[PDB]
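1. My sequence and its experimental structure, below.
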Amino acid sequence: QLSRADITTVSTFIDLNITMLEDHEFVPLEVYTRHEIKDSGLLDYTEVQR
Amino acid sequence: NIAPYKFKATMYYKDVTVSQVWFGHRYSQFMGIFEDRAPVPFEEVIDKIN
Ligand SMILES: *[C@@H]1O[C@H](CO)[C@@H](O)[C@H](O)[C@H]1NC(C)=O
């Protein structure tokens, strides 16, 4: 009696590798926050009047 | 870069205020007030304030 792995084996199937799409996490990103846009002005009427 | 160049500065001025007052029999009234911001000379900013 001999084991099943003692004889050479050939794959009769046509392998098809399937790599699922990895999960992705999106982080917040802004070129200029609303605070930066407000600060872009040279003068602010609110602060000047205050 | 939209942020304006921010730097610290010190202002020096005198609030010159000359008012005209009319004295009645039983009351006082301001016939005119002249407010002006007079600048401080370099000699005073250096030899007196600083
Ligand atoms: C992936 O597919 C290939 C054939 O494209 C196959 O040879 C391989 O054994 C499969 N599995 C792994 C883990 O690479």
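-> Okay, I see it. Residues are numbered from 1 along each chain as shown, chains lettered A, B, ... in the order given.

2. Under a three-state scheme, what state does the spatially most central residue of chain B occupy?
-> Against the mean C-alpha coordinate of chain B, by C-alpha atoms, centre = their mean, the closest residue is residue B:15 at 1.8 Å. Assigned with DSSP: H, G, I helix; E, B strand; the rest coil, residue B:15 falls in the strand class.

3. you'd agree it is up against residue B:34?
-> No. Using C-beta atoms under 8 Å, residue B:15 makes no contact with residue B:34, being 11.3 Å away. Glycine gets a C-beta too; all of them are placed from N, C-alpha and C.

4. ok, the residue nearest to the centre of chain B - contacts?
-> B:35-38 (C-beta atoms under 8 Å, 6 or more residues apart in numbering or on different chains).

5. my read is residue B:18 is in a helix, agree?
-> No. Using three-state DSSP, the assignment for residue B:18 is strand, not a helix.

6. and the gap between it and residue B:33?
-> For residue B:18, the distance to residue B:33 (C-beta to C-beta, to the nearest Å) stands at 8 Å.

7. I'd like to know the beta-bridge partner residues of the residue nearest to the centre of chain B.
-> Per DSSP bridges, the residues bridged to residue B:15 are residue B:37.

8. if I look at it, how far off is residue B:35?
-> Noted for residue B:15: a distance of 7 Å to residue B:35, by C-beta to C-beta.

9. Near chain A, which residues of chain B are found?
-> Taking C-beta under 8 Å from any C-beta of the partner chain as the contact definition, chain B meets chain A at B:2-4.

10. want to throw those into a markdown table with neighbour count and secondary structure?
-> Shown next, in a markdown table, are those (neighbours: other C-beta atoms under 10 Å in any protein chain shown; DSSP: H, G, I helix; E, B strand; the rest coil):
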| residue | neighbour count | secondary structure |
| --- | --- | --- |
| B:2 | 10 | coil |
| B:3 | 9 | coil |
| B:4 | 11 | coil |
